[PDB]
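Q: Structure in structure tokens, see below.
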Amino acid sequence: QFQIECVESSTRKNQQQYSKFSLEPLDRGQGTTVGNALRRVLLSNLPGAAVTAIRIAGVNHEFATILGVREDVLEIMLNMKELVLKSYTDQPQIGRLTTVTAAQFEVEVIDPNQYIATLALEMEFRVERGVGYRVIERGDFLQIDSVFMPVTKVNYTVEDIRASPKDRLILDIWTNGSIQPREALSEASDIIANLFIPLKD
Amino acid sequence: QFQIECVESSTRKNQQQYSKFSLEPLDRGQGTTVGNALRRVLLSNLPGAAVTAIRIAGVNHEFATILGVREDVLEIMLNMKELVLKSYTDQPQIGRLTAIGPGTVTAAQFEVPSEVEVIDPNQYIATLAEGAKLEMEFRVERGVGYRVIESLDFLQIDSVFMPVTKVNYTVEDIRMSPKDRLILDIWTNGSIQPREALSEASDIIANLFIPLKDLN
Amino acid sequence: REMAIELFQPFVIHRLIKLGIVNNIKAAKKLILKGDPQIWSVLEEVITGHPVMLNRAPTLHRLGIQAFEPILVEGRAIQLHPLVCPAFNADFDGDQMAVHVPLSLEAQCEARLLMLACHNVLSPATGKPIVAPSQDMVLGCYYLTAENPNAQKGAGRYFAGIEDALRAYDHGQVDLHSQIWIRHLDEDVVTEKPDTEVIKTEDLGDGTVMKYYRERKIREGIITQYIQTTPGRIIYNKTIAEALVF
Amino acid sequence: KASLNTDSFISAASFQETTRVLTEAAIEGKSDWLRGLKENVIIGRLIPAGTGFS
Amino acid sequence: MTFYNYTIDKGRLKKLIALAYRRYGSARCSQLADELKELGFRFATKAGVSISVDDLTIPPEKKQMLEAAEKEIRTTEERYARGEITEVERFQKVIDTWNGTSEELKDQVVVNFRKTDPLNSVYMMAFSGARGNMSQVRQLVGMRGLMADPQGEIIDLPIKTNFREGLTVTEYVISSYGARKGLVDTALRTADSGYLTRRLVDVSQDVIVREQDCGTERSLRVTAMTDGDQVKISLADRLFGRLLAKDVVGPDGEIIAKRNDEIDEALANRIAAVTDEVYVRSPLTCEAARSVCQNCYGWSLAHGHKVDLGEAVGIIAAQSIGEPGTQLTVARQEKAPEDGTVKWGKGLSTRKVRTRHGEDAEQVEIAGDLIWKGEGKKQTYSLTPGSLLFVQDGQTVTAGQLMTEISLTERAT
Amino acid sequence: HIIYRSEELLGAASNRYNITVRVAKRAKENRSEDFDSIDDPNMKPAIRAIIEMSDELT
Amino acid sequence: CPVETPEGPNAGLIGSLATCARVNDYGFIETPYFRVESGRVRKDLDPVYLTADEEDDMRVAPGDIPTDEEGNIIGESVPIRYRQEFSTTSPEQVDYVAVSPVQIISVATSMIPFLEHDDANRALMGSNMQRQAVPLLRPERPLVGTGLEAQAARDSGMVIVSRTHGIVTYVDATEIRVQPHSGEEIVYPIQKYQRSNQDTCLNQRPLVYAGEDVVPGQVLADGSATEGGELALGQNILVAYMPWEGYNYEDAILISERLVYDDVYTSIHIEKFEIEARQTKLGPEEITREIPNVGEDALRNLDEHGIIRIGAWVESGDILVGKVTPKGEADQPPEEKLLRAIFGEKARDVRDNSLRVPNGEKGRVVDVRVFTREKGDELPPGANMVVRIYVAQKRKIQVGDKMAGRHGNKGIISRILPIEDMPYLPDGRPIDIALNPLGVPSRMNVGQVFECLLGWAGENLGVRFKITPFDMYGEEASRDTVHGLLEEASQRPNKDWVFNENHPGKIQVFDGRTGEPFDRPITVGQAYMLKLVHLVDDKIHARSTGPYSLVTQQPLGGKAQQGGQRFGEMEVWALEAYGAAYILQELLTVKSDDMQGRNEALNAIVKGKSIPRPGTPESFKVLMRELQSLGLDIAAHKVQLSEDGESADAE
RNA sequence: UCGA
Ligand SMILES: [Mg+2]
Ligand SMILES: [Zn+2]
């Protein structure tokens with residue numbers, strides 16, 4: 001006795017998908033422990049791909065400016081942080097770069113026009129696959145801060161189904177654009193199911 | 001990975017069973033995901049059995065007394081409300097009780113049918129003093145959580161079906177890996193074991209994530 | 001439910017004969033007092049769009065009588081909104097409120113267009129609003145935009161915009177009171193003790209000068225602008241953006 | 001004092017000194033044209049303010 | 001959009017609600033207050049604010065300021081036994097000492113709540129204006145004060161403890177005199193404000209806005225409401241929601257303000273910065289038949305725009321005055337940074353007089369430069385008629401001593 | 001979105017006590033026109049007079 | 001007593017006598033005092049009992065000065081009162097001293113621990129809410145009691161005390177039989193579930209066992225709101241001062257589900273119904289079972305006498321006593337004569353006047369005592385049979401009930417959460433009540449923080465402290481008593497999380513929904529809350545159309561007679577300040593005082609077509625006929641063209 | 001009398 005369907009879906013101008021699910025019928029108190037366990041896995045324990053290290057010629061540290069580019073080298077570390085792509089669990093490779101001209105890249109790039117530069121530029125970056133985040137302390141490639149977050153925002157509300165009473169879970173998933181919100185729910189449910197199958201004994 | 005082990009297993013005087021489990025290793029932040037989801041199921045979703053109705057065979061309502069008994073009908077129903085019972089038939093059973101003499105009435109004087117046992121003996125029921133006789137009988141039904149009572153001279157009791165009393169868990173770090181170690185404390189009332197309650201609570205959470213990854 | 005079935009009793013009886021369940025009032029009144037679950041489905045379809053005026057004695061000003069759209073809840077008390085509590089001067093220690101139900105069609109249009117609670121933000125005495133956070137939501141907003149000088153956990157980090165800091169709060173990256181530089185290209189930035197002077201002027205190469213401030217960091221020739229703030233002030237500023245822009 | 005020296009005897013008798021207003025209104029032969037508030041409430045009509053203005 | 005980069009209080013939240021009404025209306029303003037209370041309810045549970053005993057931080061300078069205040073009482077009681085002061089001069093010294101001591105304790109509470117810990121549970125409820133008040137905080141961590149009799153006479157025995165240290169049996173019956181007085185004054189306040197509200201309704205029940213314009217030429221001159229030294233209501237707060245009757249031409253004949261112009265919230269700040277006396281349209285100067293004109297009344301203060309035809313303004317005026325009826329209960333100091341001998345001179349006829357305390361002070365009834373001695377810094381001070389001086393010709397004062405007290409009745413037994 | 005439709009109707013009308021009579025006088029025409037067997041429980045005649053008056057306002 | 005007085009209209013006119021006060025034969029109140037001789041309190045002999053003659057003659061010190069063990073007085077400056085003024089004189093100049101620090105306060109104010117830390121305005125409310133607490137099913141003694149609860153239980157008269165110093169022989173639920181020693185078998189009767197005046201219970205439970213020595217002055221059987229020995233008006237449960245998600249916003253209470261199924265705050269209320277078979281002049285009324293127009297749906301609990309049996313579960317809308325009344329109208333309308341002539345079934349001469357259960361009432365019938373004639377009892381004139389029905393019900397604690405404590409922290413429960421949603425202590429124990437800490441510093445309720453922090457020390461130790469009010473050393477008797485005894489409970493090897501060195505009166509509390517700890521530590525403790533009489537069942541009232549008045553033809557007022565809410569003069573001024581002219585005309589014409597307008601308005605909703613223009617109300621036509629009887633020719637005219645005619649408002 |  002369980003059914004799950006999507007109420008509505010939406011997609012903005014940039015490739016950022018959004019969907020709303022509905023869980024019915026859940027027991028009295030089971031609607032909160034399902035939506036809260038799905039929130040911590042979808043936001044933290046999800047493998048993603050991001051840019052971790054760049055290499056620009058003529059640049060020594062993170063505060064020096066490079067000739068030809070309007071912005072500083074810190075802005076290149078911030079514009080390359082929000083790069084939406086997927087590595088498909090491969091070894092770390094080397095990427096190249098020769099208006100914004102964001103359509104060119106040396107991995108399927110999702111929404112390939114956000115910001116690169118506004119110069120009136122030769123960059124060499126790498127792509128790693130992992131989970132979590134990493135902060136690079138100062139003091140070759142210049143390692144930048146990278147966040148592997150395939151799902152950006154998860155909201156859930158629990159309401160009463162009927163008047164033993166039942167619950168209804170309304171789950172909202174705001175993904176990055178690399179994976180589908182329906183696909184991300186199937187991956188997060190595989191992680192929670194693998195933690196209680198050896199616990200059953 | 002995921003080595004489940006039991007640290008200690010304490011047992012009170014036939015009234016409580018405390019066991020301490022351990023989980024090693026885990027992920028960087030999954031010490032709260034496994035811990036809090038197992039606590040909410042163990043305290044609200046574990047089924048149990050208790051006394052639902054009592055026919056005292058001679059008093060029609062609950063606000064009267066019996067000649068010769070120290071307690072009235074209301075204090076008898078409160079002593080049978082905290083009675084620890086269990087069953088396997090998933091059917092309402094009938095158990096009888098007789099008492100003749102000036103001694104106290106305990107849980108060992110019951111007459112329960114097959115596949116129904118009393119876990120804790122010497123449970124305090126009302127006392128008799130040398131001049132009366134009690135011929136009450138009770139009904140043992142199963143349920144989940146707490147039920148609201150809103151036949152022939154039967155007195156309904158709003159019984160509880162919670163075998164697990166309190167669950168405590170702490171998250172500890174292991175020694176670069178951000179992995180955690182989760183220990184769990186389960187306090188039962190004797191009707192179920194903490195190793196059996198952990199297997200039943202893990203069955204509900206695993207079945208709650210079966211059709212979320214196949215259809216999606 | 002047991003109070004709505006008595007106040008809306010001529011409206012439930014009319015819907016029962018219209019749907020074809022009963023034929024008269026004697027067949028409808030016996031069906032109401034019996035307690036069938038089909039009666040509560042009729043009462044759910046009646047109160048939608050029917051305004052109900054709520055009233056607390058004594059009525060000092062005119063905002064002590066406001067109209068609401070009722071919903072059938074579980075319990076035996078009136079679930080009042082906490083934002084209309086300074087309007088009614090109501091405290092939850094024994095206050096009772098009178099319920100009134102209009103009948104005619106002209107009275108329903110006057111309770112909705114003139115007496116609704118959403119159109120009574122400003123007081124009639126002064127020009128100041130009374131629909132505002134008063135007790136428990138001021139303490140939730142004071143702690144959110146505060147400054148805790150001990151629990152930083154990653155202060156002094158540069159983020160790319162507003163949405164980069166909201167995605168870093170769902171992780172364990174930053175705390176609520178961490179000193180966080182936020183790239184914000186807007187100029188309308190208000191703060192406590194504002195200043196226009198430029199201290200610690202630092203010049204980069206190729207004529208680019210950095211304009212340092214007490215809380216801002218503007219790259220002049222405006223190229224970039226970094227704002228030192230806390231992630232609690234970004235969640236507060238994001239709430240006003242999704243509520244005023246629809 | 002200004003509430004009792006109005007043109008309406010019904011609005012002044014319901015406020016204060018009912019035996020003094022109706023004694024003066026009967027001798028002088030006063031007439032109430034039901035103008036303003038606090039008379040149509042007693043009569044049972046629409047008030048001249050709000051939506052009962054026109 | 002704007003970025004609020006500061007800590008949000010209650011008064012800063014009311015400016016956000018009033019800004020959403022002026023730009024968006026009433027529907028989007030109610031949605032902003034509906035979303036601001038979801039944000040407050042979420043981060044108050046996540047905070048875990050709690051009151052404790054040791055959260056009520058008593059400042060450690062209370063013991064050093066109580067034993068210094070009792071030394072001023074002990075040097076006054078011994079002077080009373082020598083016949084140097086009267087009973088009124090002794091009573092004026094005891095009450096002014098304990099009331100002055102509680103002012104140093106009240107200021108030390110706010111200083112100690114900012115240096116020890118800025119996030120305190122008692123300080124957060126009082127500084128943000130959630131429910132607390134500084135008159136209630138000073139009774140928890142400071143001194144209780146000087147209570148009075150049931151007739152009104154201030155007892156000379158103070159209550160040096162508070163609600164954290166615990167009161168005595170003697171200090172509990174003194175505090176019960178004000179609790180009974182504050183209880184029986186509440187019940188008589190509701191009966192006096194209820195009869196006052198009923199009398200205001202019947203005198204203004206037939207005041208309905210019937211006509212649109214009357215065509216009058218009179219006006220009402222309004223200025224800044226100054227209650228002597230300090231101001232209470234500014235000029236920008238009185239021009240809000242009222243039309244104009246005369247033009248405001250301050251710089252070069254500026255035509256920014258014309259006749260019959262509705263003054264907005266930001267427009268009132270522009271008129272108050274140019275002139276001081278503005279002639280506006282008022283119902284006191286209205287010439288109408290049994291009514292108030294639409295232009296003479298002004299704006300609707302609960303709607304933000306002008307009033308409409310056929311609505312009773314006298315019922316709203318009687319309700320706005322009768323609603324807060326149930327909640328209705330000249331000399332400076334001198335100092336000197338140098339120690340030396342003052343020079344009186346023959347230019348001032350400083351006569352001898354007695355002050356309200358039991359000390360002698362030479363009263364000056366004319367002007368004069370009260371110059372004190374100094375090495376390099378010639379410290380000078382001007383006199384004032386009616387005040388009194390303390391220093392005598394030939395006395396060497398200490399560092400930071402009080403030179404004089406310049407000035408910037410009822411009969412009793 | 002009914003409260004957003006009512007604030008647009010009360011604005012740009014110069015009399016808030018006159019446009020609420022036209023809503024109440026149009027809801028009685030919508031009730032007499034809905035005398036058939038089809039009765040919508042979500043769209044009352046008092047609510048339908050506000051949506052139809054705001055569409056013709058523009 | 002300067003504290004205990006009712007607030008509102010009778011503020012100060014109705015006082016209360018103090019604890020040690022006594023009235024002599026002349027009618028003056030006296031207070032006991034100990035003699036002080038040369039700076040030494042002579043606590044050896046009887047007091048003096050001064051009859052308010054210590055004003056202009058004696059110097060009286062209160063019971064708060066530090067004294068020594070028979071040597072002298074420790075303090076050098078003793079505050080006294082002389083001629084209605086307070087002063088501090090030498091200890092060798094005083095004459096009398098008080099005998100107790102609770103001599104000023106009454107017997108109800110003395111049940112509040114830490115009275116010196118609370119405000120006098122909230123102590124006024126805490127003494128009044130203690131007199132409204134219902135007797136629970138199983139009461140529990142307080143852990144932070146003052147010690148005076150044992151004296152107030154014996155003087156109430158509902159506690160069976162021993163008088164013989166004998167041996168207890170037989171104890172059951174109805175009587176206690178002992179034998180006196182230095183006709184020797186006395187019987188102490190025990191009442192079981194007797195009805196009180198305020199619809200509560202007066203149940204007594206046996207305490208002693210068979211074969212136990214007793215003393216004159218020993219508790220043999222406690223009352224309903226009385227535990228063993230001392231008084232018990234509430235329960236000791238866990239509390240936490242933390243704001244939830246708006247559920248404790250403005251003096252609201254958030255409780256858990258554990259208080260429901262453990263029968264906590266569960267009281268028994270016994271209501272009493274009344275019916276009488278009077279003598280109608282058309283024919284005598286009698287109680288039968290065969291009543292017209294009632295089938296087998298309500299004739300299940302009758303014993304062929306018209307009266308219900310004992311132990312029958314009655315719900316809302318049943319029939320307790322079936323009574324008929326003869327009628328002699330014979331004025332049938334032509335519609336009813338045609339309807340009866342088709343299907344037959346001619347109407348009887350009787351009318352059903354059966355006693356029925358009101359709305360929102362249920363329970364179990366426990367006493368069906370019938371008092372008729374020729375049995376040995378007197379009856380009122382015009383009555384044949386008097387039937388009295390007592391119905392008892394068991395009420396649990398629900399949403400909307402008014403609960404309070406001993407310090408004036410009243411509130412109404414708005415939500416009952418399960419135990420998995422409530423916050424929990426680091427041992428796994430959940431939190432019962434989540435109170436709001438915002439109401440504490442604005443009302444100076446400091447003693448309720450001292451009470452919960454001391455009761456939490458008595459929870460882990462199990463010692464049941466007795467703290468008298470109005471101390472001892474300053475700052476060493478309230479803070480270091482609580483924090484000193486909390487350190488002793490943390491010295492146990494199993495309880496190390498009870499006390500913390502950084503934050504003393506706080507621990508770390510974990511969230512029940514997410515499992516994450518809160519950012520700041522929260523004060524927990526064992527609070528003693530009471531359950532008041534202002535339940536949610538007695539405040540529910542609703543009316544569609546019921547009875548009307550006799551003269552003005554207006555709806556009546558009252559919950560027990562289906563009355564309507566009054567729309568007074570302050571409520572008209574709010575609608576007159578609005579634009580609601582059609583709502584004001586509707587509330588005054590078709591809802592009250594119109595015999596014609598109420599018929600057409602009720603017929604319009606059932607048919608579906610509303611009609612405007614109601615008629616003239618009835619209350620104006622009553623005033624028109626009353627002014628014409630005063631000798632005033634008052635009438636209404638018409639100002640139409642060339643016609644000045646009087647209008648007939650009545651006809 | 002008692003609640004707001
Ligand atoms: Mg209140
Ligand atoms: Zn005018």
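Lettering and numbering for the structure tokens are positional, with chains as A, B, ... in the shown order, residues counted from 1 in each chain, and ligands counted from 1 in the shown order.
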Apply DSSP to the structure's backbone, then extract all residues of segment 19-146 of chain A labelled alpha helix (DSSP H) and return them as a list in words.
A: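 After running DSSP on the backbone, segment 19-146 of chain A has alpha helix (DSSP H) at residues 30, 31, 32, 33, 34, 35, 36, 37, 38, 39, 40, 41, 42, 43, 73, 74, 75, 76, 77, 78 and 79 of chain A.
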Q: Ligand 1: which residues are within 8 Å, counting only C-alpha atoms (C1' of nucleotides) and all ligand atoms? Reply as a ChimeraX atom specification.
A: /C:89-95 /H:4
Q: Residues within 8 Å of ligand 2, counting only C-alpha atoms (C1' of nucleotides) and all ligand atoms: report them as a list in words.
A: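 My answer, listing the contacting residues, is residues 213, 214, 215, 216, 282, 283, 285, 286, 287, 288, 292, 293, 294, 295, 296 and 297 of chain E.
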Q: Report as a VMD selection string the set of chain A residues whose atoms approach chain C to within 7 Å, with distances computed over only C-alpha atoms.
A: chain A and resid 43 to 44 78 152
Q: Those residues with N, CA and C atoms, as a PDB file, in the first residue's frame please?
A:
```
ATOM      1  N   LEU A  43      21.788  15.844   0.017  1.00  0.00           N
ATOM      2  CA  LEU A  43      22.594  17.054   0.110  1.00  0.00           C
ATOM      3  C   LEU A  43      24.066  16.785   0.384  1.00  0.00           C
ATOM      4  N   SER A  44      24.402  15.674   1.035  1.00  0.00           N
ATOM      5  CA  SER A  44      25.777  15.405   1.439  1.00  0.00           C
ATOM      6  C   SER A  44      26.374  14.192   0.746  1.00  0.00           C
ATOM      7  N   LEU A  78      36.321  31.788  -9.038  1.00  0.00           N
ATOM      8  CA  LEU A  78      34.915  31.802  -8.658  1.00  0.00           C
ATOM      9  C   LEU A  78      33.987  31.476  -9.818  1.00  0.00           C
ATOM     10  N   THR A 152      21.057  20.853  -4.940  1.00  0.00           N
ATOM     11  CA  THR A 152      21.327  22.097  -4.230  1.00  0.00           C
ATOM     12  C   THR A 152      20.389  22.335  -3.051  1.00  0.00           C
TER      13      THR A 152
END
```
Q: Chain A near chain B within 7 Å: what's each residue's closest atom pair and its distance in Å to one decimal, counting only C-alpha atoms, ordered by chain then ascending residue number, as JSON lines?
A:
```
{"residue": "A:33", "atom": "CA", "partner": "B:37", "partner_atom": "CA", "distance": 5.8}
{"residue": "A:37", "atom": "CA", "partner": "B:33", "partner_atom": "CA", "distance": 5.8}
{"residue": "A:182", "atom": "CA", "partner": "B:216", "partner_atom": "CA", "distance": 5.6}
{"residue": "A:183", "atom": "CA", "partner": "B:216", "partner_atom": "CA", "distance": 6.1}
{"residue": "A:185", "atom": "CA", "partner": "B:213", "partner_atom": "CA", "distance": 6.9}
{"residue": "A:186", "atom": "CA", "partner": "B:213", "partner_atom": "CA", "distance": 3.9}
{"residue": "A:187", "atom": "CA", "partner": "B:213", "partner_atom": "CA", "distance": 6.8}
{"residue": "A:189", "atom": "CA", "partner": "B:213", "partner_atom": "CA", "distance": 5.8}
{"residue": "A:190", "atom": "CA", "partner": "B:213", "partner_atom": "CA", "distance": 6.5}
{"residue": "A:193", "atom": "CA", "partner": "B:206", "partner_atom": "CA", "distance": 5.4}
{"residue": "A:196", "atom": "CA", "partner": "B:202", "partner_atom": "CA", "distance": 5.6}
{"residue": "A:197", "atom": "CA", "partner": "B:206", "partner_atom": "CA", "distance": 6.7}
{"residue": "A:199", "atom": "CA", "partner": "B:202", "partner_atom": "CA", "distance": 6.3}
{"residue": "A:200", "atom": "CA", "partner": "B:199", "partner_atom": "CA", "distance": 4.6}
{"residue": "A:201", "atom": "CA", "partner": "B:199", "partner_atom": "CA", "distance": 6.6}
```
Q: Separation of atom CA of residue 1 of chain C and atom CA of residue 359 of chain G, in Å?
A: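 Pair atom CA of residue 1 of chain C / atom CA of residue 359 of chain G returns 13.3 Å.
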Q: Using only C-alpha atoms and a cut-off of 7 Å, which residues of chain D sit close to chain G? Please list them as a VMD selection string.
A: chain D and resid 26 42 to 47 50 to 52
Q: Write the residues of the preceding selection, restricted to N, CA, C and O atoms, as an mmCIF file, in the first residue's frame.
A:
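Once everything was written out, this is out.cif:
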```cif
data_model
loop_
_atom_site.group_PDB
_atom_site.id
_atom_site.type_symbol
_atom_site.label_atom_id
_atom_site.label_comp_id
_atom_site.auth_asym_id
_atom_site.auth_seq_id
_atom_site.Cartn_x
_atom_site.Cartn_y
_atom_site.Cartn_z
ATOM 1 N N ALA D 26 -40.886 66.832 23.956
ATOM 2 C CA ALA D 26 -42.341 66.782 23.871
ATOM 3 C C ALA D 26 -42.956 68.174 23.957
ATOM 4 O O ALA D 26 -43.955 68.455 23.287
ATOM 5 N N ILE D 42 -31.307 51.966 15.724
ATOM 6 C CA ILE D 42 -32.531 51.806 16.502
ATOM 7 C C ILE D 42 -33.729 51.600 15.582
ATOM 8 O O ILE D 42 -34.640 50.820 15.890
ATOM 9 N N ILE D 43 -33.747 52.284 14.435
ATOM 10 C CA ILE D 43 -34.850 52.138 13.489
ATOM 11 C C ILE D 43 -34.789 50.777 12.803
ATOM 12 O O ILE D 43 -35.775 50.031 12.780
ATOM 13 N N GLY D 44 -33.631 50.428 12.249
ATOM 14 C CA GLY D 44 -33.471 49.151 11.583
ATOM 15 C C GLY D 44 -33.181 49.276 10.101
ATOM 16 O O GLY D 44 -33.556 48.403 9.314
ATOM 17 N N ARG D 45 -32.515 50.355 9.711
ATOM 18 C CA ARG D 45 -32.184 50.630 8.320
ATOM 19 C C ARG D 45 -30.671 50.635 8.135
ATOM 20 O O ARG D 45 -29.904 50.370 9.063
ATOM 21 N N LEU D 46 -30.249 50.943 6.912
ATOM 22 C CA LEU D 46 -28.831 51.082 6.620
ATOM 23 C C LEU D 46 -28.306 52.398 7.176
ATOM 24 O O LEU D 46 -29.001 53.417 7.162
ATOM 25 N N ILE D 47 -27.073 52.371 7.672
ATOM 26 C CA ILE D 47 -26.422 53.571 8.185
ATOM 27 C C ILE D 47 -26.043 54.451 6.998
ATOM 28 O O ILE D 47 -25.767 53.928 5.909
ATOM 29 N N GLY D 50 -20.442 54.285 5.035
ATOM 30 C CA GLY D 50 -20.059 53.010 4.448
ATOM 31 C C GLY D 50 -20.720 52.815 3.104
ATOM 32 O O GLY D 50 -20.680 53.698 2.245
ATOM 33 N N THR D 51 -21.333 51.649 2.915
ATOM 34 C CA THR D 51 -21.993 51.310 1.663
ATOM 35 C C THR D 51 -23.454 51.736 1.624
ATOM 36 O O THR D 51 -24.111 51.550 0.595
ATOM 37 N N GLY D 52 -23.976 52.297 2.711
ATOM 38 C CA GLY D 52 -25.338 52.790 2.725
ATOM 39 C C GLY D 52 -25.414 54.280 2.473
ATOM 40 O O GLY D 52 -26.418 54.924 2.793
#
```
Q: Measure the distance from atom CA of residue 607 of chain G to atom CA of residue 3 of chain C in Å and round it to one decimal.
A: 23.1 Å
Q: So which residues touch segment 7-19 of chain F within 8 Å, counting only C-alpha atoms (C1' of nucleotides), skipping near sequence neighbours fewer than 3 positions away, as a PDB file with C-alpha atoms, in the first residue's frame?
A:
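What follows is the written file result_12.pdb:
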```pdb
ATOM      1  CA  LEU C 113     -13.430  43.034   0.301  1.00  0.00           C
TER       2      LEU C 113
ATOM      3  CA  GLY D  50     -20.059  53.010   4.448  1.00  0.00           C
ATOM      4  CA  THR D  51     -21.993  51.310   1.663  1.00  0.00           C
TER       5      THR D  51
ATOM      6  CA  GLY E  25       0.149  47.155  -1.488  1.00  0.00           C
ATOM      7  CA  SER E  26      -1.565  44.929   1.074  1.00  0.00           C
ATOM      8  CA  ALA E  27      -1.460  41.469  -0.528  1.00  0.00           C
ATOM      9  CA  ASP E 308     -13.669  58.124   0.313  1.00  0.00           C
ATOM     10  CA  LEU E 309     -17.175  59.564   0.268  1.00  0.00           C
ATOM     11  CA  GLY E 310     -19.581  58.319   2.916  1.00  0.00           C
TER      12      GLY E 310
ATOM     13  CA  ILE F   3      -6.491  38.257  -2.318  1.00  0.00           C
ATOM     14  CA  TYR F   4      -4.227  39.547  -5.101  1.00  0.00           C
ATOM     15  CA  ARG F  22     -21.113  46.254  -7.725  1.00  0.00           C
ATOM     16  CA  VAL F  23     -19.499  42.973  -6.650  1.00  0.00           C
ATOM     17  CA  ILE F  50     -14.404  39.411  -8.318  1.00  0.00           C
ATOM     18  CA  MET F  53     -14.770  42.194 -12.746  1.00  0.00           C
ATOM     19  CA  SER F  54     -10.958  42.220 -12.699  1.00  0.00           C
TER      20      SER F  54
ATOM     21  CA  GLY G 579     -17.995  50.007   5.480  1.00  0.00           C
TER      22      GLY G 579
END
```
Q: Produce a table with one row for each residue of chain E that has an atom at most 8 Å from any atom of chain C, each row naming the nearest atom pair and its distance in Å at one decimal; use only C-alpha atoms; arrange rows by chain and rising residue number; format as a Markdown table.
A:
```
| residue | atom | partner | partner_atom | distance |
| --- | --- | --- | --- | --- |
| E:1 | CA | C:241 | CA | 7.5 |
| E:2 | CA | C:188 | CA | 5.2 |
| E:3 | CA | C:189 | CA | 4.9 |
| E:4 | CA | C:190 | CA | 5.5 |
| E:5 | CA | C:191 | CA | 4.9 |
| E:6 | CA | C:191 | CA | 5.1 |
| E:7 | CA | C:145 | CA | 4.8 |
| E:8 | CA | C:142 | CA | 5.4 |
| E:9 | CA | C:142 | CA | 6.0 |
| E:10 | CA | C:138 | CA | 5.9 |
| E:13 | CA | C:132 | CA | 7.3 |
| E:14 | CA | C:132 | CA | 6.5 |
| E:17 | CA | C:129 | CA | 7.0 |
| E:18 | CA | C:129 | CA | 6.4 |
| E:20 | CA | C:244 | CA | 7.7 |
| E:24 | CA | C:244 | CA | 7.8 |
| E:26 | CA | C:119 | CA | 5.5 |
| E:27 | CA | C:118 | CA | 6.5 |
| E:28 | CA | C:244 | CA | 6.3 |
| E:29 | CA | C:121 | CA | 7.8 |
| E:30 | CA | C:118 | CA | 5.7 |
| E:31 | CA | C:243 | CA | 6.4 |
| E:32 | CA | C:243 | CA | 5.4 |
| E:33 | CA | C:132 | CA | 6.2 |
| E:35 | CA | C:239 | CA | 7.1 |
| E:36 | CA | C:239 | CA | 7.3 |
| E:37 | CA | C:137 | CA | 5.5 |
| E:39 | CA | C:140 | CA | 7.1 |
| E:40 | CA | C:137 | CA | 3.9 |
| E:41 | CA | C:137 | CA | 5.8 |
| E:42 | CA | C:140 | CA | 7.2 |
| E:43 | CA | C:140 | CA | 5.0 |
| E:44 | CA | C:140 | CA | 4.4 |
| E:47 | CA | C:143 | CA | 7.4 |
| E:119 | CA | C:148 | CA | 7.4 |
| E:124 | CA | C:139 | CA | 7.1 |
| E:125 | CA | C:139 | CA | 6.9 |
| E:128 | CA | C:142 | CA | 6.6 |
| E:129 | CA | C:138 | CA | 7.7 |
| E:130 | CA | C:135 | CA | 4.4 |
| E:131 | CA | C:135 | CA | 5.8 |
| E:300 | CA | C:124 | CA | 7.8 |
| E:301 | CA | C:127 | CA | 4.8 |
| E:302 | CA | C:124 | CA | 4.6 |
| E:303 | CA | C:122 | CA | 7.0 |
| E:304 | CA | C:127 | CA | 7.8 |
| E:316 | CA | C:124 | CA | 7.1 |
| E:317 | CA | C:125 | CA | 7.7 |
| E:319 | CA | C:61 | CA | 5.2 |
| E:320 | CA | C:125 | CA | 5.0 |
| E:322 | CA | C:60 | CA | 7.2 |
| E:323 | CA | C:60 | CA | 5.3 |
```
